[PDB]
Amino acid sequence: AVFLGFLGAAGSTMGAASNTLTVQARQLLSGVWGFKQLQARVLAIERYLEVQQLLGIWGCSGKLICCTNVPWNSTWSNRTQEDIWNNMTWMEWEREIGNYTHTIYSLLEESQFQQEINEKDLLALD
Amino acid sequence: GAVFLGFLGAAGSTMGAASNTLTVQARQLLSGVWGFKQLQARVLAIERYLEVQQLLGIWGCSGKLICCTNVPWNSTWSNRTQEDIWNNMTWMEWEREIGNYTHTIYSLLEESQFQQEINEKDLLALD
Amino acid sequence: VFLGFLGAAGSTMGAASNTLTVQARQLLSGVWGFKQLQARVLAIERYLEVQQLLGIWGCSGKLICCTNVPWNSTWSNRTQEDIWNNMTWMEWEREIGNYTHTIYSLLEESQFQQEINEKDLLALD
Amino acid sequence: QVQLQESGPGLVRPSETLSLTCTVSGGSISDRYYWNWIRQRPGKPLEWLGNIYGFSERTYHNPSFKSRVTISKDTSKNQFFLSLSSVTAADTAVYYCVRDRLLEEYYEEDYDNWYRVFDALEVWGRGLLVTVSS
Amino acid sequence: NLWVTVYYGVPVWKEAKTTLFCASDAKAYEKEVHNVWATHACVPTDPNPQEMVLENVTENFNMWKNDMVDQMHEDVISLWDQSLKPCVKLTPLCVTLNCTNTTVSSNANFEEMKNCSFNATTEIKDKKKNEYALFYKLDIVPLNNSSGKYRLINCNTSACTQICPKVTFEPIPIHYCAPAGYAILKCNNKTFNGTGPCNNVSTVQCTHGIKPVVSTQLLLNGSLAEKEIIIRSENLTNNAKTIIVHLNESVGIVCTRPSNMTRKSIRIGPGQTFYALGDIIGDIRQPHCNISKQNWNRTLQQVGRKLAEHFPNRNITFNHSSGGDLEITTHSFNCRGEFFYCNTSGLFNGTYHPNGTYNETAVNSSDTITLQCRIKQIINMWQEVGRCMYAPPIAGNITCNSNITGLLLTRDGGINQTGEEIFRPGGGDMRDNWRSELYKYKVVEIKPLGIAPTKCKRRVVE
Amino acid sequence: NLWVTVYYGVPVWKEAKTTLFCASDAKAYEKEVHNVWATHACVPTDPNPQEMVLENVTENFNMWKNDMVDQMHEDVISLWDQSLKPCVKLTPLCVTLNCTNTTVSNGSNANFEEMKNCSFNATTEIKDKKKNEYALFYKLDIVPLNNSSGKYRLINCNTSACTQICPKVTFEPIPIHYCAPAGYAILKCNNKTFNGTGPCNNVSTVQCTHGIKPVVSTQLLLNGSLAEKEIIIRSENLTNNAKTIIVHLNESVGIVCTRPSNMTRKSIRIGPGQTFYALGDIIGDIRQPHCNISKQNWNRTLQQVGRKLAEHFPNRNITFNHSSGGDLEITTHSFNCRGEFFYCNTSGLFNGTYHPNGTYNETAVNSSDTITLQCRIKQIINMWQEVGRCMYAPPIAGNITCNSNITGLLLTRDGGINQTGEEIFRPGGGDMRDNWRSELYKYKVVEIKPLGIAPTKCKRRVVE
Amino acid sequence: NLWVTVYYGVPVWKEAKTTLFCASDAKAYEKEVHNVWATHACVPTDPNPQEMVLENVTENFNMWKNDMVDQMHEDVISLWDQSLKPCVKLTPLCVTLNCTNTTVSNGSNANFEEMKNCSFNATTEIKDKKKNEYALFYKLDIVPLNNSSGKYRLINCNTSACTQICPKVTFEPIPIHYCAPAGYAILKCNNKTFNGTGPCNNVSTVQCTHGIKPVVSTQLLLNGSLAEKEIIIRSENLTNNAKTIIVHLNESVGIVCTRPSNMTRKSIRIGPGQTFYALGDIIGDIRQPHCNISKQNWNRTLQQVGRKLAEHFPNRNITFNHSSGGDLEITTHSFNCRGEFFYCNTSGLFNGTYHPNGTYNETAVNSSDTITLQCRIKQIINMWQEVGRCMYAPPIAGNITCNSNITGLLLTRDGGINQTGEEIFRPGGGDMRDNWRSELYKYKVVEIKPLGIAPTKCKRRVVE
Amino acid sequence: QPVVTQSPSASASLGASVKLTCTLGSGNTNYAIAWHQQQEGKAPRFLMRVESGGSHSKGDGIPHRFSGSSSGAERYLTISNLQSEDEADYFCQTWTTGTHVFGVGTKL
Ligand SMILES: *[C@@H]1O[C@H](CO)[C@@H](O)[C@H](O)[C@H]1NC(C)=O
Ligand SMILES: *[C@@H]1O[C@H](CO)[C@@H](O)[C@H](O)[C@H]1NC(C)=O
């Protein structure tokens, strides 16, 4: 499309939201009032770089959808894929697994760092 | 070839010759009363580098300086042959002629790129 | 992974090779308002200056990446065994500080050379 | 320069009071600020009796003595007087009328009410032989 | 055998607080720094702003704890001080005044302005020259008991500066907009009060044009409701909190100050000057306000209808303010740079009975409520005596036309009283003037990171 | 079959306007906040800056609509206002002055009527006490209050309250660099015969500008840059007589002078914590401040500029006439000299006429002859051509001598419609940006666009 | 055959300087702008900060050339100037004062000559009218008012415009943490016997500093951080007499004292819209301030300090003496208590000598004895030893009291060249920055360079 | 009212130089003085004015042989080249703002 619809399809299910990832990242990053305007610009830079830093360390530097080697844990949820992508939206899913986000974020760093070290050994055999 | 030239070097050179000196410009990017102006100037250089890098990020050319795409060129944008493009004009004339159609072209690279990844995950979901 | 910022600084050369992710996490983390504003913008400049160098070298997200330039024996006469298990990162950057500019420039030329010939290879079909 | 000439009843046979006069030659009394009066009796040191101002009419009579001295301003014809009431036989003295020096320092009691600091006695001139006897 | 994947750019948000920058159309490139609101620095938004109505989503709202209302208040104090710093201070003006009976070239209504003569400083410091100026009765106190001299009211609390004539504080609409990575949510239910769930939430880049208007009892030239009269309150049972009433039908107000008074330039020192009232050409006529009887009766009729459900089987009566200080007792507004403090006694002069007939054919048409009031040109604003302002006069008569938007009501609620419920007006806080405008907005932060289990696995090279 | 490719770091630029920061040289790190221009915060540029000489490229320059000089103005008003906030104000000086003739000791009766001895009421440190004090004031700074009165008052009292230049700071024209931020470049032209508008065949890119010194003047440019090839006449519209004409000279004309009086600085206290410095007395005789211009060096410059004006105005008689008159600010050559503001009538400079045909050998004019210029001192200065804020100049406490060079002239034309034949050019400081537009005429800030797209035969590789 | 590889996130650092930001716990969300140090804007650090010990690392430290201390000193100038601008000034107060002996009611004839009952003319709420008033001022704040005077005036009338401290805001020493942005690290030494210069064998990194409180003092450092192992002597050059010596004790000595009197807080109005506060009256008996220090506590402390200097000064006799004298600002121990500025004559503290051989056991000294230190109150203060500052401390109703430790001493040495044998140590506040030097002696700011290069046996793969 | 004391008489030889003094005594000694001369009858004369720092203020017809100095609470007056007509009574007085106290003087 031609994007420009911010936070579109928020009420749609997660499966139907797989094609609705373009319109979010495009909008980001793009005297009493001057000081507040200057504070507005630097805040957006910090918000954009914080997300970008997490993408880089996870290996998903430019990939919108990327797969990882860590496995999901049944303690977090038991819901089947049919009831995940066709029954409930993105807003509720983040709320449900909100406590475990800190533990999950740590697991991403360890596995990706493991992919660098063993690949170096493989590339050192010739 | 001629990589150790100055900033904006070979600006008046041909299109093909300028392709070999694309590194000199990239290095120079991101290089009281005066304090506020310097702070504004220091801030202003940040999104200027960030706005351009956002476009390369969504096109898949996050780190590649020279990269191909899958969108097809349209003859209505430019008809002249490749021999006369790379060896008879500078970068000044090329952007000016297609300056009308810049906004249209920016749209197609997005649609192709998001198409290139949703079909990729289906390939990776077969095993 | 339980180690932290600047950990194993006094350790050996290769011991810190497996302790690189912890530092990168720490990066990018009214009289006081102006100084805090100046503090934040300076931290952004420090992070982007590093990220620009890794971007042009082709190691956009790689933590350890091999290159194609050859190491010069004039820069260092010590062997790999006497380098990787005898000293720390303090003294290493101290001794090669004279040749940092040359290595940065040579690596820039080689990376650009790696792309121009690659494009011609893709034009054969 | 200025000149001071004094005239009046120097010889007073009936002792009831005393009135004196000092004509001023040159600078007008109204201008040039302060003017003074000085007594001098034959045998005891000279004393100061009172003060008169030129512009604002602020009379600084001698605080040691009570209301026994009066000064006229007489700015119309360049003149100033002296009158002392109930003269005593011990008040036989020679009088000197004085003009003061110009040290322009003005203090302030109330809003738009200024006065100059006192100054050293400058000019002085002649005298009158007075013998108050009865 | 599910694995972990990361989706970037997901439509999930979390509430947060952040700063906002102004925005307004560059209608007037001229008038250098003339606008007090400083719309020159405000970026134009869009000739056609992008809108996206969201479906299948419900989000809670609470305007009472909204950070935007506080942030808007945090600005207007700073804009006023910025525009008043390069202006002359009226410290030397606080001298002895000699006022008397006003001479005109109506013997009970002309005692509002006094002809005063005060000592003034000419172009040189030492010399002083007699000058005369006209001051209202409200701005002078009689210094000492049984005296013929007066003094300004603000010479014993703080130094007073004046609003420079070069700047005009007319309410130009402005837009408050959030930075990138942040969005605001707009509700669309026409019967939605301050707190509750919204079933038609829509996102917007930033809010519509908002006119900063200072008022105490009546809201002017504001937005209009769609469906019906909406009454919003944090706690209905609590009588100590104010009640805001929004009107979907506007009633015309015409307030004028008929007099042609010369604007005299007066000097009070080297480079120090202000402007005062010169003289009166004609008859002394007090200012008045025009309110239609039928329009106001119809407005007061329907507001008691909806107020009956929040207080069932209770009689509803309208009464005037309690009294006290003039700042909150009367209805204060602005008209071409002139401040008005107007007694609203003729408006709140009724009682609503739920049972009866109230057809409009019985009320005679073309009837006007006249609101007798006066001009106060020295104003303490924000209900704290820390700052002072001096409004210069405008030559000739002035008039203003506006349409009333909302009502600011307070409930007494007698503990021993049953049946009749007494409602009185009150400007308990000035933030309520903007809470009625930002009742359909909320600042929220965007989190574009999302994870979910799936069957895909990252390929590894061998 | 052609496909689109994306190129990064391409040399493509687009015109844009931006802000610039200061830059200077580490000449001296001493002194305490003495510099008004505040070069302490100005970052040093480079001991040997990087310049690249571009070629194959032609760029259009239009400096008459340039944001460089307009932004450079916005700094000067900010620097001057910033350095005068912690300074005393001359409000108590608005008092009655008992002025008369000056007195000279034993040791000219038509030359001493310039400075008037004046006495006034002066409040001391305790406020509520006044003592008489005296100072020497210039004729131009006093208005005689009332008709047929011997009492004067300050001219600037009734206009606006205005402050004093603090002696702790100095405002000598140190050269300063304004340097573009990252991603923005400044284009420098190199054609010697390039006037205000036109294409440039030797456009060269630089990181940022060279040394530009802020000098304030109205009629003659002082200590400026010199041209390379010849004299260039520049105007926005030569046919329009209301627009000033800037002339750049490649030959430097040296002007050297001084004010010949040794005057002691006297400190006078006017209130609690407020003190100002005024003229104390005069030692020796009273002599008017004069300035020298060499005769041989002057018309040799004026004949060359006379010839160049003949090309733009063919077969017209060229003459130079003195200023029309009016206010003192623009009628006289106003400049600065160790903090003292001078005002010299240039009636002895623009007097002659130019004939295209004839002889103009130098040996006809005798050497070692200098033109004297009468200069008057005024320490109550209002500038920016508006009645705003003062800049009170303190005494020098000695005898200042300053040596300068004339760089260019700011000429205006009468443009008589009915008049035919002779062309009259008169100097005029209509606007003061032209004092600085002669230094930024070859400069233009541009924005870099590092994105480029073009079709090619290469194709993206898609996994299967 | 070896190739160059790139490592990211390497632990290597390089010394540099940078700007920091404040940080403190949000203990009190109330008290709007009541804190001068502006702790509200400071971000809370951490309930449990990250302190981590590095191993096998040696780093040199030198706080005599540290930018950490210099930034702190520049801040305190800005923090004070920010909170004093929205306050009334004492310019209208500078009028003639009629001061007379203080009258005491029925209920010491050589000790009451400290306060004077001064009367003056003050402007009421209307400028034209004036009404007499009375106030109490200390003898140190008045001068004989030059010639022809039987009356007094304020001390700083003829120096600068003198301001007042607002009573709505308080400047108690709330500890603050100075913290570095991302990519900047602060190192912390941990050797217990580390003097001013030398490598540290127990360097440990930290996010930023611990609680540091700004305390203004001249001779004795109050309520500071105690040493760990023993008393350490810090000096840039021991042999140089002109440089101060900082003594850091590991044991604290309790100093407590009061200003025993009830002062009525009288509100007086000067000018339109300005009110300042002064001492109202006396209720009871006038008694001078006095500060007590335990005999055994102070005598024991000086013995270890004397013998610690014995190693640095072998074969020399060490004695302690009072201040040289002169100006009251540095010859006395000036400290803070509730907002009233004190000036304690420290002469009986340095009332002894130390010998290398002898007996100094605690049983000889009689306990429960103390040294009384005479002090004088000065409510008009010029700070930072510059001619343009005032901080008028308003009186506080009722008597005040304080409780603080003794942590550091500032010592100076005579060092007579001809003098041999005995040497004399005297207290003196040579530099104001020395007070913060005792809390920033183990801290250093450093950059992080996450780029590292080294040869390796791996080669970058090229696709074919 | 500052009170000044002085020696009742002074002894000196003819043709020498006299050193006349008068002592100042008060709570505040900062008040300045001004010397005078009293001849036999007719009218006494005003000579010069003293201030802090030895500010000589010889007004009317005073030669340069009448120098003076101050030393604490007592001020020194130096007279050179004495003549037969130089013998008279010299008075030192204070000003304040009223109550001119004058001086006892010394007769030679
Ligand atoms: C008020 O007076 C002004 C000034 O003379 C005049 O122009 C104007 O017409 C008058 N207004 C009326 C209503 O007469
Ligand atoms: C001028 O005045 C100064 C200052 O008093 C003095 O030193 C100097 O000798 C005088 N004469 C000359 C010729 O400079």
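Residues numbered from 1 in each chain as written, not as in the entry; some residues may be left out. Chains lettered and ligands numbered in written order. Heavy atoms only, no water.

A few words now on a nonpolar patch on the surface. Taken together, the side chains of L122(A), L125(A) and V461(E) make up a nonpolar region of the molecular surface, amounting to roughly 310 Å² of accessible area. Looking at the secondary structure, you find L125(A) in the segment after α5 (101-123). Judged by its relative accessible area of 70%, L125(A) falls in the exposed class. (Patch = residues over 30% accessible without salt bridge, like charges linked within 9 Å, V, L, I, M, F, W, Y side chains within 5 Å. Areas by Shrake-Rupley, 256 points an atom, 1.4 Å probe, with all protein chains shown as cover. Salt bridge = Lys/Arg side-chain N within 4 Å of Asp/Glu carboxyl O. Helix = DSSP H or I, 4+ residues; strand = E, 2+ residues; numbered from the N terminus. Buried < 20%, exposed > 50% of the residue type's maximum accessible area, 1.4 Å probe, protein only.)

Okay, the interface of chain G and chain C next. Counting from both sides, the interface comprises 53 residues of chain G and, opposite them, 55 residues of chain C. Across the chain G/chain C interface, buried area totals approximately 5300 Å², and carbon plus sulfur atoms make up 68% of it. Taken as a group, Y8(G), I453(G) and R460(G) account for 17% of the area that chain G buries against chain C, more than any other trio of residues on that side. Our enumeration of links across chain G and chain C arrives at one salt bridge. Between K35(C) and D75(G) there is a salt bridge, with the nearest N and O atoms lying 2.5 Å from each other. For the pair chain G and chain C, the number of links is 17 residue pairs in polar contact. (Contact = heavy atoms within 4.5 Å. Buried area = accessible area lost by both parts, 1.4 Å probe. Polar contact = N/O pair within 3.5 Å; in protein donor to acceptor, adjacent residues only side chain to side chain.)

So, on to the sheet that holds strand β12 (residues 184-188) of chain G. All names here are of chain G. Across the sheet, which stays open at both edges, the five strands sit in the order β2-β30-β12-β14-β4 with antiparallel pairing between neighbours. Each edge of the open sheet carries a strand with a single partner, namely β2 (13-15) and β4 (51-53). Going across the sheet, the axis of each strand differs from the next one's by a mean of 40°, ignoring polarity. Across three bridges, β12 lies against strand β14 (residues 204-206) in antiparallel orientation. Its bridge partner lying in β14, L187 is registered against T205. (Pairing = 2+ DSSP bridges. Axes fitted to C-alpha atoms, helices over the stretch in contact; angles between N-to-C directions.)

With that out of the way, let us pick up helix α1 (residues 67-84) of chain G. When the terminal C-alpha atoms of α1(G) are compared, their 27 Å separation across 18 residues agrees well with the 26 Å that a helix rising 1.5 Å per residue should span. Turning to α1(G), its buried residues number three or more, namely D67(G), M68(G), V69(G), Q71(G), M72(G), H73(G), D75(G), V76(G), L79(G), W80(G), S83(G) and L84(G). In this structure, the buried residues of α1(G) make contact with α2 (31-56) of chain C together with β11 (177-179), α4 (434-437) and β30 (443-448) of chain G. A side-chain oxygen of the first residue of α1(G) lies 3.0 Å from the backbone nitrogen of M68(G); this N-cap is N66(G). (Expected span 1.5 Å × (residues − 1).)

Attention now goes to the sheet that holds strand β7 (residues 92-93) of chain H. One open sheet holds the three strands; their spatial order is β4-β3-β7 (chain H), and the pairing between them is antiparallel. Only two strands of the sheet have a single neighbouring strand rather than two, namely β4 (45-50) and β7 of chain H.

The next point concerns the environment of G183(F). As for its position among the elements, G183(F) is in the loop between β11 (177-179) and β12 (184-188). Among the residues examined, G183(F) registers a relative accessible area of 10% and is labelled buried. Sequence separation between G183(F) and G326(F) is 143 residues, and the spatial gap between their C-alpha atoms is 49 Å. With residues near it in sequence (within four places) discarded, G183(F) still touches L29(B), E447(F) and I448(F).

Bringing empty space enclosed by the protein into the picture now. For the largest cavity, the calculated volume is near 750 Å³. In terms of lining residues, the largest cavity is bounded by 37 residues, among which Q52(A), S61(A), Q53(B), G57(B) and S62(B) are the most central. Those elements giving two or more residues to the lining of the largest cavity turn out to be α1 (22-25) and α2 (32-57) of chain A, α3 (34-58) of chain B together with α2 of chain C. With seven residues, the top contributor of residues to the lining of the largest cavity is α3(B). Its residues assigned to classes, the lining of the largest cavity comprises 19 nonpolar, 15 polar and three charged. In this model, the second largest cavity occupies a volume close to 290 Å³. Forming the walls of the second largest cavity are 19 residues, and the residues nearest its centre are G56(A), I57(A), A24(C), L63(C) and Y8(G). When grouped by side-chain class, the residues that make up the lining of the second largest cavity number eight nonpolar, seven polar and four charged. (1 Å grid on protein atoms, 1.4 Å probe; cavity = no way out; pocket = protein on both sides within 12 Å on 5 of 7 lines; lining within 4 Å. Points joined across faces, edges and corners; volume = space filled by probe spheres on them. Nonpolar A, V, L, I, M, F, W, Y, C, P; charged D, E, K, R; others polar.)

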